[PDB]
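Right, one structure below, let's go through it.
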Amino acid sequence: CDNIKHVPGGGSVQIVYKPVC
Amino acid sequence: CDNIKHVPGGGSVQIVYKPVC
Amino acid sequence: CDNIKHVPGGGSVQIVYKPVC
Amino acid sequence: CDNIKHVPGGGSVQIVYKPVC
Amino acid sequence: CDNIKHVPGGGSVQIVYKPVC
Amino acid sequence: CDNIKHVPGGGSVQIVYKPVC
Amino acid sequence: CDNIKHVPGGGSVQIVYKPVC
Amino acid sequence: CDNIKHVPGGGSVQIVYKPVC
Amino acid sequence: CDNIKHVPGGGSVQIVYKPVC
Amino acid sequence: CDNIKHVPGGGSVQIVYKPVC
Amino acid sequence: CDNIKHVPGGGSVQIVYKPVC
Amino acid sequence: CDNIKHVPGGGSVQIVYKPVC
Amino acid sequence: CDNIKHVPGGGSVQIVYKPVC
Amino acid sequence: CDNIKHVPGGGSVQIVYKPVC
Amino acid sequence: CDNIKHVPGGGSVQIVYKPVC
Ligand SMILES: *Cc1cccc(C*)c1
Ligand SMILES: *Cc1cccc(C*)c1
Ligand SMILES: *Cc1cccc(C*)c1
Ligand SMILES: *Cc1cccc(C*)c1
Ligand SMILES: *Cc1cccc(C*)c1
Ligand SMILES: *Cc1cccc(C*)c1
Ligand SMILES: *Cc1cccc(C*)c1
Ligand SMILES: *Cc1cccc(C*)c1
Ligand SMILES: *Cc1cccc(C*)c1
Ligand SMILES: *Cc1cccc(C*)c1
Ligand SMILES: *Cc1cccc(C*)c1
Ligand SMILES: *Cc1cccc(C*)c1
Ligand SMILES: *Cc1cccc(C*)c1
Ligand SMILES: *Cc1cccc(C*)c1
Ligand SMILES: *Cc1cccc(C*)c1
């Protein structure tokens, strides 16, 4: 990804599986 | 992705499977 | 990834499996 | 990755498996 | 990785398995 | 691919070129 | 692909070229 | 790939070239 | 790959070139 | 690879070139 | 791409972003 | 890419970002 | 890439970022 | 890459970052 | 890489960073 601004102001969960970035 | 501004102001869950970005 | 600004202001979990970055 | 600014202001967990960076 | 600024302001756990950086 | 049950009961040939799975 | 049940009961040939799955 | 059950009951050939899994 | 059950009951050949798993 | 159960019950050949696992 | 014969006889510029070939 | 014959007879610039070939 | 014949007859610049070949 | 014939007949610059070949 | 024939007939610069060949 690029220039991602992930600011949930709360619970944050990121679950990925076999990605190709 | 590009220039993503993810600001839910609350619970944030991201679940991905075998992506190709 | 590039220029990621991950600031949830809370619980942060990152789970990855066999990625290719 | 590059230029990652991981500042959750809270609990931070990073779990990776067989990555290729 | 490069230029990683990991400042959670809290509990920090990093678990990796057979990476290729 | 996921949950592939390849049971031809005979000759089986799989030829792939530069895939992105 | 998902939940593929390939059971030809005979000769099976699969030829692919530069796929994106 | 995941949960692949490759049981041809016969000749099995798998030929791959520059994959990205 | 994960959970691969390769049981051809016969001749088994696997040929790979410059993979990225 | 993980949890690979390679039981061909016969001739088994594995040929790899410059992999990145 | 395959069998590309790029012969502009002049200035040639190719700019790509996050492709999936 | 395959069988690319890039012969511009002049200035040649190739700029790519996070490709998946 | 395969069988690339890059013959610009002039200035040649190749710039890549985090590729997956 | 394979069988690359890079013959620019001039200035040649190759710049790569975190590749996976 | 394999069978690379890098013959620019001029200035040649190769700059790489954290590759995985
Ligand atoms: C943007 C992004 C998030 C998680 C994993 C990847 C490969 C990319
Ligand atoms: C934008 C994005 C989110 C999660 C995963 C990917 C590959 C991309
Ligand atoms: C952006 C990113 C997060 C976690 C793992 C990878 C390979 C990339
Ligand atoms: C950005 C990143 C996080 C954890 C592991 C890797 C290989 C990369
Ligand atoms: C960025 C990074 C974190 C942990 C392990 C590796 C190889 C890389
Ligand atoms: C399902 C599958 C078969 C062969 C190659 C790939 C990448 C995927
Ligand atoms: C379902 C399937 C068969 C062969 C190749 C791919 C990428 C997918
Ligand atoms: C499912 C699979 C078979 C052969 C090669 C790859 C990368 C994946
Ligand atoms: C599933 C698999 C078979 C052969 C080679 C690789 C990298 C993966
Ligand atoms: C699953 C596997 C078989 C042969 C070589 C590699 C790197 C992986
Ligand atoms: C044909 C082609 C040109 C540039 C980039 C890609 C992925 C493909
Ligand atoms: C054909 C091609 C040109 C530049 C980069 C890639 C991955 C492919
Ligand atoms: C064909 C090619 C040019 C530059 C970089 C890669 C990974 C591939
Ligand atoms: C074809 C090629 C050029 C530069 C770097 C890589 C990994 C591959
Ligand atoms: C083909 C090639 C050029 C420079 C560095 C690597 C790892 C590969």
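Just so you know, the numbers here start at 1 and follow the chain as drawn.
Including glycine, each Cβ sits where the backbone N, Cα and C put it.
According to Swiss-Prot, the features are:
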CROSSLNK  E:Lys5  ubiquitin cross-link
CROSSLNK  E:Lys18  ubiquitin cross-link
MOD_RES   E:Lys5  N6-acetyllysine
MOD_RES   E:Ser12  phosphoserine
MOD_RES   E:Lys18  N6,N6-dimethyllysine
MOD_RES   E:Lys18  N6-acetyllysine
SITE      E:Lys5  site 'Not glycated'
SITE      E:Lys18  site 'Not glycated'
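Locations of recorded Swiss-Prot features on the structure.
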residue	record	CB count, 10 Å
E:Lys5	ubiquitin cross-link	10
E:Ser12	phosphoserine	15
E:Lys18	ubiquitin cross-link	11
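E:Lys18 (ubiquitin cross-link) is 20 Å away from the residue listed as 'phosphoserine' when you measure Cα to Cα.
The two recorded residues, E:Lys5 (ubiquitin cross-link) and E:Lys18 (ubiquitin cross-link), have Cα atoms 23 Å apart. Under 8 angstroms separates no C-beta among the recorded positions E:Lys5, E:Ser12, E:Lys18 from a C-beta of chain N.
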